[PDB]
Amino acid sequence: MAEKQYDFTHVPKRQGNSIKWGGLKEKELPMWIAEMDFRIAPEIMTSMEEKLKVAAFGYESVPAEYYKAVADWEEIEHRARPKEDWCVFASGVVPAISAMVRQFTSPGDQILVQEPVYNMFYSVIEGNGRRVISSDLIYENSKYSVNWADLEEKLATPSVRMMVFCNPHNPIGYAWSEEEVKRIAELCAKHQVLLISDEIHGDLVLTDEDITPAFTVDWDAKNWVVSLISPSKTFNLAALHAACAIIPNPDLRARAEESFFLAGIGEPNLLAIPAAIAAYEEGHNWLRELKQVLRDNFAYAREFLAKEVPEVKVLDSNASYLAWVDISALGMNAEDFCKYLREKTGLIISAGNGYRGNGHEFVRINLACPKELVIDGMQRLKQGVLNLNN
Amino acid sequence: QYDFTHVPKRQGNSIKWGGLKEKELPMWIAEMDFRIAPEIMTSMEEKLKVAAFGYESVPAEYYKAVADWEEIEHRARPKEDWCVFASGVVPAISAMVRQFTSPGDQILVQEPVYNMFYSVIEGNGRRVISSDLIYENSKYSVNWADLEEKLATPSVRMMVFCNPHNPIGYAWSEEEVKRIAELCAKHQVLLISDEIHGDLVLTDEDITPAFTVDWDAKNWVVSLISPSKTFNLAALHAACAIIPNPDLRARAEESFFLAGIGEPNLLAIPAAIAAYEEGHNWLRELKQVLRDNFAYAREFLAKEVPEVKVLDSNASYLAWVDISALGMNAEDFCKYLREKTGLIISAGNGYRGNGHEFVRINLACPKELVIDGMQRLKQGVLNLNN
Ligand SMILES: Cc1ncc(COP(=O)(O)O)c(C=O)c1O
Ligand SMILES: Cc1ncc(COP(=O)(O)O)c(C=O)c1O
Ligand SMILES: C=CC[S@@](=O)C[C@H](N)C(=O)O
């Protein structure tokens with residue numbers, strides 16, 4: 001090849017309290033939870049080791065440099081520069097959603113999602129005492145589509161007060177077109193519904209199709225949107241706890257910031273600021289190479305399952321390092337299949353059940369690991385399927 | 001064995017030191033101007049070498065380190081099962097305010113007390129009620145009749161207890177903590193005992209954690225701890241709730257997850273474990289520097305600014321200074337001090353109670369900074385008399 005500047009071959013050796021790699025049995029292969037088995041960009045590491053040299057970790061403000069980095073990143077990577085004053089630090093995307101659920105809806109209000117969607121959406125809606133309402137994505141011809149009439153009918157319902165929009169959508173791995181994003185933002189604005197656009201997979205569109213950040217919608221609807229971003233999925237920094245809400249409406253923004261502070265997610269920890277700035281200032285080259293690795297892993301995985309496991313169907317996706325795999329032909333509830341698969345092969349993938357929708361027919365597989373592990377997992381999956389047919 | 005002489009060089013986004021004018025001396029916000037313990041630094045450096053920061057569990061090595069630390073430092077040992085990770089003490093209070101009380105309910109504090117108690121009570125739409133600490137003869141005391149009368153009020157549903165008490169720097173006696181816990185249990189009031197200053201008792205005394213009170217009251221208590229104040233790790237975001245009642249504990253744990261404060265960041269677990277397993281020697285050295293600084297502060301002011309009084313305190317690195325004899329509202333005295341001398345201390349007003357007669361001074365800094373701050377304090381008063 002042309003030499004890659006960075007290391008996508010060696011799996012980082014985690015400490016014992018890793019969710020992905022802790023308490024596994026011998027030879028078990030975790031490909032479920034969405035973190036990478038790649039080392040992070042050395043540019044980010046350098047900024048973290050630099051910060052540690054302070055050797056005292058008192059209270060931190062959010063510097064202008066943080067929002068500048070966020071804005072520069074969105075401009076360069078997605079050709080949509082937010083205003084830096086739109087940006088508000090939050091310690092995490094899901095905690096920010098949870099705080100905005102409490103701040104911008106009332107107990108008993110309904111909050112719209114499009115099932116199947118990220119399981120943590122349900123937890124922060126239901127656990128906060130709001131009610132999930134879904135305009136289900138319709139599954140036909142191996143693709144999901146939106147029932148736009150049903151979506152609007154639910155948005156227009158008085159008790160439906162917020163839409164948590166997954167953009168790109170996890171677990172189906174779909175980066176919405178500009179038209180779809182602006183249509184949903186316009187729908188929300190029309191019906192006075194707050195659009196929370198979870199854009200945490202936005203840097204991981206594995207094609208050149210870009211995302212459309214919600215904050216780029218025109219100024220009728222722009223006052224009704226919040227874009228949520230983080231370096232965590234892009235750069236393998238789940239535990240960094242750095243995120244950013246982009247809220248063009250200044251009063252909404254100040255209220256969300258107040259809700260972040262009140263909840264305890266408004267203040268950066270000791271690494272969040274320098275590590276996120278380094279990621280958004282200097283992570284471009286590493287991300288470029290990562291997407292080349294991911295496209296290689298996906299090309300292999302999709303080709304393998306096409307030729308070798310016709311019992312399953314990998315859905316066409318263009319975003320995320322996660323594959324959404326239809327296992328319906330196995331006649332087995334995804335939760336039962338994933339248990340069986342783990343017991344027989346050691347491969348641990350995500351049952352689709354927790355994403356609701358039709359997720360009980362699907363598994364989600366994380367391909368953000370060295371190709372050796374992709375090959376291992378794909379072969380284990382075939383071994384699991386073959387063991388059923390016998 | 002450790003460096004308590006040289007102030008760490010912060011990056012620019014520091015709350016205590018960022019954006020100061022030339023030669024300004026901040027002694028207000030409670031973070032130290034000391035290097036952290038090298039044993040903690042070692043664990044952070046090695047964790048960064050993982051070079052990938054995915055999701056982390058709370059290992060029960062964390063709970064074991066917490067239990068061991070409480071036993072060594074306070075002679076009190078919680079059951080590991082009682083322990084729930086939280087990223088911060090104040091956010092845990094805020095979550096428990098939302099989980100365990102209703103909007104409009106009253107939540108009892110003992111003024112003057114930590115300003116952030118008011119922020120999380122009132123910010124969540126609960127109402128602060130205070131049984132004010134009685135201030136007589138330079139000492140604060142509890143009006144036990146008043147306290148119980150308010151705790152017995154039906155709409156008073158929670159007590160946020162500062163143990164040791166910031167800003168006065170008082171580690172309650174065993175009898176005091178038990179009596180408060182008994183009163184809370186008697187009136188079905190949840191006792192949230194903020195013990196974040198619990199490792200900073202400077203006398204030969206020990207705090208009494210709320211979780212040590214006996215089972216006729218232990219079901220009504222929550223102890224909150226963190227290495228933050230002890231080890232100068234405000235930005236680590238590691239803390240722990242100790243909740244003996246398992247029903248409360250399950251509900252508190254869920255409220256932390258929903259708030260976004262239930263999950264450790266990439267350094268919280270190894271750094272806190274290192275602090276609790278290996279920080280005893282550094283803390284022992286810290287306390288002697290703190291006692292030396294308090295002694296200097298008390299002696300200097302007794303000789304030089306006799307119209308002010310450093311309260312006898314047994315806990316924390318925060319001096320609570322009665323300035324009432326200056327005849328000046330504390331907030332105006334602090335603004336005047338900053339403008340005239342560059343010394344930035346904490347006005348007492350924000351702690352409510354009788355806080356307008358007090359300032360709070362952070363002595364967790366090298367002796368040379370204390371000497372400077374005291375000198376500026378005297379100079380400000382001298383200039384007022386001129
Ligand atoms: C759609 C979506 N939102 C949010 C998150 C995580 O957000 P955070 O950990 O910053 O709260 C993930 C995880 O990768 C995700 O897939
Ligand atoms: C009484 C008290 N509680 C809590 C805190 C800080 O809590 P948190 O861990 O939320 O920053 C402080 C600050 O040092 C404090 O003095
Ligand atoms: C004005 C001072 C802000 S502050 O120090 C809150 C603090 N951490 C404490 O211990 O009270």
Side-chain angles (χ1 to χ4, degrees), chain A residues 12-22 33 35-40 42 45 48-49 51-52 54-63 65-66 90-92 94-96 98-99 102 123-124 127-128 232 236-241 258 261-265 267-274, chain B residues 7-19 29 31-36 41 44-45 47-48 50-59 61-62 86-88 90-92 94-95 98 119-120 123-124 232-237 254 257-261 263-270:
Chain A
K13 303 275 182 274
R14 313 316 211 278
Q15 296 193 356
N17 70 325
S18 164
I19 295 295
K20 189 172 195 194
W21 289 93
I33 190 155
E35 62 188 75
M36 309 190 197
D37 294 313
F38 304 125
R39 298 179 31 109
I40 68 170
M45 178 70 40
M48 290 176 176
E49 308 191 302
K51 177 55 175 290
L52 279 197
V54 175
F57 304 109
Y59 296 91
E60 302 203 10
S61 63
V62 181
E65 283 84 353
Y66 181 80
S91 280
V94 167
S98 181
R102 290 191 299 280
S123 315
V124 303
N128 279 307
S232 75
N236 203 18
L237 301 170
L240 177 65
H241 294 181
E258 194 156 0
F261 274 126
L262 246 199
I265 64 167
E267 174 192 305
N269 68 50
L270 67 183
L271 293 180
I273 294 314
Chain B
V7 177
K9 172 136 151 273
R10 320 302 215 272
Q11 304 199 340
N13 71 314
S14 164
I15 298 288
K16 189 177 200 188
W17 288 96
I29 190 165
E31 68 184 72
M32 313 186 187
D33 289 313
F34 305 128
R35 269 204 35 123
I36 69 166
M41 195 66 262
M44 295 175 171
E45 281 163 348
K47 175 58 179 288
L48 278 202
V50 174
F53 303 105
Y55 294 91
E56 281 187 37
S57 59
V58 186
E61 285 105 326
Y62 181 80
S87 67
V90 164
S94 180
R98 290 191 298 280
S119 297
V120 301
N124 283 295
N232 199 24
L233 298 174
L236 178 59
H237 297 177
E254 174 85 353
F257 153 79
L258 289 169
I261 65 174
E263 169 180 308
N265 64 45
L266 75 187
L267 289 184
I269 296 305

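Letters A, B, ... are given to chains in the order of the sequence lines, protein chains preceding strands, and every chain is numbered from 1.
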Count the heavy-atom pairs under 4.5 Å between each of B/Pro270, B/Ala52, B/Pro8, B/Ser14 and chain A, then report the option with the highest count.
B/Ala52
Please determine, by modelled atom types, if B/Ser94 and B/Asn124 share a side-chain donor-acceptor pair under 3.5 angstrom.
yes
Is the closest side-chain heavy-atom distance between A/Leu271 and B/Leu48 below 4.5 Å?
yes
Segment of A/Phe261 engaging chain B (4.5 angstrom heavy-atom cut-off)
neither
Counting only non-hydrogen atoms closer than 4.5 Å, does B/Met44 touch chain A with its backbone (N, CA, C, O), its side chain (CB onward), both, or neither?
both
Using non-hydrogen atoms only, which part of B/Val90 is less than 4.5 Å away from chain A: side chain, backbone, both, or neither?
neither
Pairs of heavy atoms under 4.5 Å with chain A: top-ranked of B/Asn232, B/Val120, B/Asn265
B/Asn265
Pick one of side chain, backbone, both or neither for B/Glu45, based on which atoms fall under 4.5 Å of a heavy atom in chain A.
both
Most heavy-atom pairs under 4.5 angstrom with chain B, which of A/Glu65, A/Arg14, A/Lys20?
A/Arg14
Heavy atoms of B/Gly54 and A/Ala239 approach each other most closely as O-CB, 3.3 Å
Where is the tightest heavy-atom contact between A/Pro95 and B/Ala259, given as atom of each residue plus distance?
CB-O, 4.1 Å
Among A/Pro268, A/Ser91, A/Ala272, residue most engaged with chain B (heavy-atom pairs, under 4.5 Å)
A/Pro268
Heavy-atom pair count under 4.5 Å with chain B, highest-scoring of A/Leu237, A/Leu262, A/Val62:
A/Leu262
Neighbour count >12 (heavy atoms, 6.0 Å) for atom CD, A/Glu258:
no
Could you look at A/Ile33 and say if it's the side chain, the backbone, both or neither that has a heavy atom under 4.5 Å from chain B?
side chain
Could you list the residues that satisfy ring pair (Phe, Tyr, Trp, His ring centres under 6.0 Å) with B/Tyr62, not counting sequence neighbours?
B/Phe85
Please enumerate all residues that pass salt bridge (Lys or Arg N to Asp or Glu O under 4.0 Å) together with B/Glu263, with sequence neighbours excluded.
none
When B/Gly12, B/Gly260, B/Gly18 are compared by non-hydrogen pairs under 4.5 Å with chain A, the top option:
B/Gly260
How long is the gap from CZ on B/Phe53 to CZ on A/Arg39, to the nearest 0.5 Å?
9.0 Å
Whatever's closer than 4.5 Å to a heavy atom in chain B on A/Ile273 counts as side chain
Highest number of heavy-atom pairs under 4.5 Å with chain A: which of B/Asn13, B/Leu266, B/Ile36?
B/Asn13
Which portion of A/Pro42 sits near chain B, non-hydrogen atoms under 4.5 angstrom:
neither
Distance (rounded to the nearest 0.5 Å) between A/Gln15 CD and B/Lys47 NZ:
5.0 Å
So which part of A/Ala99 gets closer than 4.5 Å to some heavy atom of chain B, the side chain, the backbone, both or neither?
neither
Cut-off 4.5 Å, heavy atoms of chain A, and the answer for B/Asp33 is neither
Please look at A/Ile265 and chain B and tell me whether the side chain, the backbone, both or neither of the residue comes under 4.5 angstrom of a heavy atom of that chain.
side chain
